[PDB]
Amino acid sequence: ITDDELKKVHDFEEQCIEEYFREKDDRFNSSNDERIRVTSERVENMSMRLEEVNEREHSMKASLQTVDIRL
Amino acid sequence: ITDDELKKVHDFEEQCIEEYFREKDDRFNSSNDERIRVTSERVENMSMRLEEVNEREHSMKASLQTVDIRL
Amino acid sequence: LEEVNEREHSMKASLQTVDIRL
Amino acid sequence: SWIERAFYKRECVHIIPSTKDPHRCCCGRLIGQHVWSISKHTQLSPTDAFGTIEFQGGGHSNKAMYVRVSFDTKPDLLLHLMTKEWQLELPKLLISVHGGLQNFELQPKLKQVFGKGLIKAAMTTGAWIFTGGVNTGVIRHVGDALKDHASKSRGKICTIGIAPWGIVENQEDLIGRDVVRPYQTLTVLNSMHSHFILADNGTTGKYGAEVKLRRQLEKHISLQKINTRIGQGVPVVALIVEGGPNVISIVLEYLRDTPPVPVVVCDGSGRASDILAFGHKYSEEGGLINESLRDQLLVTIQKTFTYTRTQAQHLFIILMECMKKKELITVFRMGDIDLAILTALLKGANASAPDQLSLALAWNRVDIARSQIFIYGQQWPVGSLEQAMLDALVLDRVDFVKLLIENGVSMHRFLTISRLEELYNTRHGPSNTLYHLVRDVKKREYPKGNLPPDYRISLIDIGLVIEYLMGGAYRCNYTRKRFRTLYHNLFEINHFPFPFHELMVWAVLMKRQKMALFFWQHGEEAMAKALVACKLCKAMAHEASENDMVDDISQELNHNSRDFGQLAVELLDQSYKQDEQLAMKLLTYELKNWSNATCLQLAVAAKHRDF
Amino acid sequence: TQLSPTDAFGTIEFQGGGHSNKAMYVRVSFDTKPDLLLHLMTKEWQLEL
Amino acid sequence: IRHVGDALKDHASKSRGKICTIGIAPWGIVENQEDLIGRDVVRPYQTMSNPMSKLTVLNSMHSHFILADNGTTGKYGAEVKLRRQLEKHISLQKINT
């Protein structure tokens, strides 16, 4: 085939490569196991936060009780 | 074998024991069964502590309205 | 929830500043 | 015997001033327990407390050396002590952790991440941790981190402890001359440390006997040149966890120093580290702090430390004098210890950004280089990125290769004949069977024999290797008359029109599977490259099995061949799903870069049954 | 300034910068009529309205 | 336009589509003007930008270019009129409904 046909098949194999790797990424991301992994890691980060939030809320409630006692 | 060929054999045996036990912990922790478990109790203490932080906030907003009315 | 924690820091610092004014 | 003959000690012989308690003297010891010159009148004598400490109890048994030195000794003899007597090599990096002397507890994941980073950075650079010695506060957290290190990993971190001699418990238990003394588990010394620089000023149960000696020792080691011999000393981090009033002035002394010592604090521990955090986010342009945040800082200093208005005023003045050098201060706010020392080494070197990129190449840290070295506003010399490209291939830094391609480096403008030749004669990276292959093809071509050790393996010899490995009627572009004419006339004409094919070949011949998988995605003729790589990996597997080499090499080469065949099969599946006729033309078009062959012929010659 | 036929048009192969993308291009005069430029992009560049 | 190209970086990294993102720039202000000289020929371009040079490179990840020359180099204003009468001409065209 000719040079233009070489250019067209050279584009075609690039859509094949990008399609393959990024469908592999969508398969890995939509699987059960990676979903469970990333959900668990975010649950750990949120529980560490929820804990710090409850500590700061207790401190803010004590400060509000002091402000109510003052006024 | 030789007594010196022993120390090197013995530390190699501690290498294999330490590798086997903590890879066994890694296959147990990365299994599908264990990750579904560890999410669930860590949702229980979130739920108790967030109902706790909603009740703590409820007293705080009542104190905020009381402070504004007093001023 | 991160948006909650960022704005609760601002509200707590403002409450401490108002208590210092009192 | 050299330790007693070189290092001195001082002992409390005074007029016994009672002050408050009649038993407690100026040195705090008991009045009948006796046996600087101001009010203590201390005398100098050779030491009798040095040797080895066997830590009985407290988990793992660890032998930690110790010596009792006077507080006014010059650091040069102490440096000679560490370099000669305990057989400790010169470090690439120093650690200096300070904090509050009182005991405390932090967040659990903060402690875990702090400990894991403080162990791991100490392994990867081989640095020396400098603590406060005794098992109080932050140093107890270093001890727990080193306990986790002993329980999980295998390094021996040099974790030098500097404590006053007067405050350690069971002083009579550590009296000997090169004698192993058991120690049971005034405060206890930390169990998981490595050596001790216990300094006696004569007083007992009092601090301040170690700060000046540690400062002078850190300065003296920072004047020492690193083994790279480029014109720089070893870098020093200033690690702060929490701390009190004194660490504010320690931070001020480290910032107002020549050369400057960068300081990183952490968050979550509280007290002084939290007020550096509150000053750092609420700063604007350094010392230009507005009126609301100055009195917010004043009320938090007067509340957290419980000091007066004027004491908070001097602490805010010292805080502003510290902040005036803002750029050396960085905060790890939650939501680590590694990034702290890596950043501090980068700005303690104070060199150009090629040196930072080469140091991140040495540490194998793509994320650190991406976040810091390749941020917006970084000036780059011409030709330094190409040298970093070469240095990042000779070593299997695919991630750094991916980073450098994403940040402007092009393969067409970089890959030359001489650069690919220098890639083919590298000695770094993993082992390969290429030398046996070129030895066999030079034995077959000129029946000599074993190649010389100082042999430059030319690309013509590489082309002959692709000839012996492909088989059949193959004819590589290296062995053709055009390339031999250019090689004779030269050793954009020397640039390769299709560089990723040559990168495939160099990644396959030297058994670097990760760069081969990366170079399969970038560039073109992926089906041809995958089938050629499958045939090549199968043929080096057969050649390694033929020449009685290691069987694991043959198994891994067969695994690489099967991976490339699976890649070719799944690429064929995707081409069949997209367009049938264009897949037929992909399967039959003549391959000018692969000896005028066909993808179908290459699949058959690779014996690829699934294709 | 003098008027002349163009010498800079075609396709640009973006080397480096991560992903490889081809972007077609043309150098035009600033006083050209927009109907001619639309006929270029619909017909020559094969882009629907 | 750098933020738009960074948006197209994420778009090419997780989504299958080809966004038509025709950019209009002055011809005289783009770096390496001699690199883009040809007639229906594929010309390679360098995404590297020299910080010393005042001229800026094109965005690496646009789809089409309407680089307009008023004759001058290194100055703007050669594309604001051309983009505006083009956009008026697009909106004059009827939609397919």
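Take segment D:594-610 and flag every residue that is part of a loop (DSSP other than H, G, I, E, B) and not basic (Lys, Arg).
Hits for segment D:594-610 are D:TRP594, D:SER595, D:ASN596, D:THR598, D:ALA606, D:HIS608, D:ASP610.
From the residues in segment B:28-71 that are more than 7 Å from chain A (Cβ to nearest Cβ) and among the basic types (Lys, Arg), which one is nearest to A:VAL53 (Cα to Cα)?
B:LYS61
Mind listing just one residue for me: the one in segment D:367-410 that is part of a loop (DSSP other than H, G, I, E, B) and among the hydroxyl-bearing types (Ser, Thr, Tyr) and, of those, surrounded by the most Cβ atoms within 10 Å (Cβ to Cβ)?
The qualifying residue surrounded by the most Cβ atoms within 10 Å (Cβ to Cβ) is D:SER410.
With buried (at least 17 other Cβ atoms within 10 Å of the Cβ), under 24 Å from the mean Cα position of the chain (by Cα) and not in a helix (DSSP H, G or I) as the only criterion, which of D:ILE240, D:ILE221 stands out?
D:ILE240
Please work out which residue is nearest to the chain's Cα centre (by Cα), limiting yourself to segment E:9-31 and to residues that are farther than 25 Å from A:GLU14 by Cβ and at the interface with chain F (Cβ under 7 Å from one of its Cβ atoms).
The qualifying residue nearest to the chain's Cα centre (by Cα) is E:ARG27.
Considering only segment C:1-18, how many residues are more than 9 Å from chain D (Cβ to nearest Cβ) and part of a helix (DSSP H, G or I)?
Count: 12.
Being assigned to a loop (DSSP other than H, G, I, E, B) and aliphatic (A, V, I, L, M) is the filter here; which residues of segment D:411-431 pass it?
The answer is D:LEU415, and nothing else.
Within segment D:478-503, take every residue that is within 24 Å of E:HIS19 (Cβ to Cβ) and either within 14 Å of another protein chain (Cβ to nearest Cβ) or within 30 Å of the chain's Cα centre (by Cα) (or both) and give me the one that is surrounded by the fewest Cβ atoms within 10 Å (Cβ to Cβ).
Among those that are within 24 Å of E:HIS19 (Cβ to Cβ) and either within 14 Å of another protein chain (Cβ to nearest Cβ) or within 30 Å of the chain's Cα centre (by Cα) (or both), it is D:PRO497.
Any residue in segment D:406-420 that is away from chain F (no Cβ under 14 Å) sitting within a Cβ distance under 9 Å of a residue that is of a type in the set (S, T, N, Q)? List the pairs, counting only those 6 or more apart or interchain.
Between residues of segment D:406-420 that are away from chain F (no Cβ under 14 Å) and residues that are of a type in the set (S, T, N, Q), the close pairs are D:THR416/D:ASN494; D:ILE417/D:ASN494; D:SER418/D:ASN494.
Name the single residue, out of those in segment D:573-594 being surrounded by 20 or more Cβ atoms within 10 Å (Cβ to Cβ) and over 14 Å from D:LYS529 (Cβ atoms), that is nearest to the chain's Cα centre (by Cα).
My answer is D:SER575.
Quick one: which of D:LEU252, D:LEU223 is farther than 30 Å from A:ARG56 by Cα, among the hydrophobic types (A, V, I, L, M, F, W, C) and in contact with a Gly (Cβ under 8 Å, 6 or more places away or on another chain)?
D:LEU223
So which residues in segment F:1-54 are more than 10 Å from every other protein chain (Cβ to nearest Cβ), loosely packed, with under 15 Cβ neighbours inside 10 Å and either polar (S, T, N, Q) or in a strand (DSSP E or B) (or both), if there are any at all?
Correct list: F:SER53 only.
Pairs please, first residue from segment D:296-311 and under 14 Å from C:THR17 (Cβ atoms), second anywhere and outside any loop (DSSP other than H, G, I, E, B) and charged (D, E, K, R), Cβ atoms under 9 Å, 6+ apart in sequence or on different chains.
What qualifies is D:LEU298/D:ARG309; D:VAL299/C:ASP19; D:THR300/D:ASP274; D:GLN302/D:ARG309.
Exactly one of these conditions fails for D:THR306: (1) part of a helix (DSSP H, G or I); (2) polar (S, T, N, Q); (3) over 29 Å from the mean Cα position of the chain (by Cα). Give me its number.
(1)
Among the residues of segment D:82-90, is there at least one that is buried (at least 20 other Cβ atoms within 10 Å of the Cβ) and away from chain A (no Cβ under 14 Å)?
yes
Restricting the search to segment F:55-75, which residues are more than 20 Å from F:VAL4 (Cα to Cα) and more than 7 Å from every other protein chain (Cβ to nearest Cβ)?
Matches in segment F:55-75: F:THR72, F:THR73, F:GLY74, F:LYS75.
Could you pull out the residue among D:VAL142, D:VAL134, D:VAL67 that is farther than 19 Å from D:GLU242 by Cβ and either out of contact with any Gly (no Cβ under 6 Å at 6 or more places or on another chain) or buried (at least 18 other Cβ atoms within 10 Å of the Cβ) (or both)?
Values: D:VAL142 fails: farther than 19 Å from D:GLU242 by Cβ; D:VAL134 fails: farther than 19 Å from D:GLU242 by Cβ.
Matching residue, one of D:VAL142, D:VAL134, D:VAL67: D:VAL67.
I'm checking my understanding of the structure. Among residues of segment D:172-193 that are outside any strand (DSSP E or B) and out of contact with any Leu (no Cβ under 9 Å at 6 or more places or on another chain), which one is farthest from D:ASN103 (Cα to Cα)?
Across segment D:172-193, the extreme among qualifying residues is D:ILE175.
Of the residues in segment D:359-397, how many are more than 21 Å from D:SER418 (Cβ to Cβ) and small (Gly, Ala, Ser)?
Here the count works out to 5.
In segment D:536-555, how many are in contact with a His (Cβ under 8 Å, 6 or more places away or on another chain) and charged (D, E, K, R)?
Here the count works out to 1.
Could we say that F:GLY38 is under 30 Å from D:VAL382 (Cα atoms) and not polar (S, T, N, Q) here?
Yes.
Conditions tested, residue by residue: (1) farther than 22 Å from F:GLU87 by Cβ; (2) outside any helix (DSSP H, G or I); (3) out of contact with any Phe, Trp or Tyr (no Cβ under 9 Å at 6 or more places or on another chain).
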residue: E:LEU3; (1), (2), (3): yes, yes, yes
residue: E:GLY10; (1), (2), (3): yes, yes, no
residue: E:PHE14; (1), (2), (3): yes, yes, no
residue: E:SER20; (1), (2), (3): yes, yes, no
residue: E:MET24; (1), (2), (3): no, yes, no
residue: E:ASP35; (1), (2), (3): no, no, yes
residue: E:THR42; (1), (2), (3): no, no, yes
residue: E:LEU47; (1), (2), (3): no, yes, yes
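Note that we place each Cβ from the backbone using ideal geometry, even for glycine, and neighbour counts take in every protein chain shown. We did not get these values from a lab; they are worked out from the coordinates using the rules stated.
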